[PDB]
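Heads up, the chain below is alone and in the form deposited in one PDB entry; it's given as structure tokens.
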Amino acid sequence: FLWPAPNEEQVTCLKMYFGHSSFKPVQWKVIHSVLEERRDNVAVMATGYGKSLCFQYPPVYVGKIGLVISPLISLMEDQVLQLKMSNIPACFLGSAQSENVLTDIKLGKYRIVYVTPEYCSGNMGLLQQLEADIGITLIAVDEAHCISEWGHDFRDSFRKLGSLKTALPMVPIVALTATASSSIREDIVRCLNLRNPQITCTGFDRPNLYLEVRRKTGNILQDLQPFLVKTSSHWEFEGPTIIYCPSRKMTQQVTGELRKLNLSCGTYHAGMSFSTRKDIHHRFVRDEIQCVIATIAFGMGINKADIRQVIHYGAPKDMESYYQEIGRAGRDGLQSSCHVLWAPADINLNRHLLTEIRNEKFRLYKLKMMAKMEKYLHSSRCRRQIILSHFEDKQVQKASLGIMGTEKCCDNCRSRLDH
């Protein structure tokens, strides 16, 4: 149940352009705030939990323009393709765009326009014309935590986006961050000059993720044996699989062992060229590769709808990273599994890489997130209950209540059902 209720036209539009029958409560909280109150928002949201509807839906519903600012060009191009397949006109606007498309943007032919921050600052006159002639429903600043010098993903062009509010005072900004850090949120608010923004978060309503934690020996094939099946003289996983490793070195070691089994896999980390990463990601989406072994940072992400298995090979960096990374599994809604294989000696459990972080408020935050991860690894409680417990106030959705306690929820619920 949603308050205030979406009207029938809003629901029909949701069905027709996004294929969803109802809004998630937090999606509606952002959407309604933008449409009715023209309110700035800081949306603490992760891919895989329903992030994109919050900024793609409003311009589609009113038939106007939504501007999405992001530094991740390849991801923006993929979104343009997906939107066009869902019959939503969208484009990437850059220096190379044809005048026919640029005039089409001015005529309001496109609902969603993706731009880089750097383009955005050099063409503010264009944005004001768009607002005057057509109306900008919202500006979404994706990867907004890149504004912060200490957030390990600093991109200085984001700090120029303070000009948006001055040029377009009546246009709400939705700043999307995948960290709940208060110091980063406060910097986002002040740098962008947001006004009394609404703060929201995705939660953990992902009932199709089975969660398991088990101890790791550190012998790679022994640890990976339960996930591997030999079929016709060939080793394979049961389905498309991501293995997240804490270090690039571990990613290469794991990949090396799997290649000796003639397994179809690819590595994915920030040391690789962009062109090679793009190829690996495309091959995984098209099922030419079965397993990606990744060390995720800097807004690298793996976007594939039918990821059946996620394996954290070693303790995750912290509780937010873990939440981000399991969220990438099972986006088609079918059953998926997320396993953590960990050991006390794991480097993310022996982090002096925090004892070196410069910013004091941020270091306290990361220490807190690491403590949460450690408590989770050691717990006998329902893993889903633990994750949800970190969203103190937040309502638990019915589907999550229904899965908890059953054999498909987590390893600890399964153990309870056995005895």
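Note that residue numbering begins at 1 and tracks the sequence as displayed.
Note: missing coordinates for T251 occur in none of the other compared entries bracketing this position, so the one-third threshold is not reached.
In all of the other compared structures of this protein with flanking residues present, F92 is modelled, so it falls below the one-third mark for missing coordinates. Higher mean CA temperature factor, per the PDB entry, when comparing 124 to 132 with 216 to 224: 124 to 132.
Legend: mean Cα B-factor per stretch from the PDB entry, 92 to 100 versus 314 to 322; the higher mean is in 92 to 100. The top Cα temperature factor in the record, among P172, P197, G301, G239, falls on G301. For the set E360, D40, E374, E36, the PDB entry assigns the largest Cα B-factor to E360.
The entry lists a Cα temperature factor for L261 that places it in the middle third of the chain's modelled residues. Ranked by C-alpha B-factor against the other modelled residues of its chain, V44 falls in the lowest third. For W342, the recorded CA temperature factor ranks within the middle third of the chain's modelled residues. Residue-level temperature factors show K51 in the lowest third of its chain, judged at the C-alpha atom. When the CA B factors of the chain's modelled residues are split into thirds, the value for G203 lands in the lowest one.
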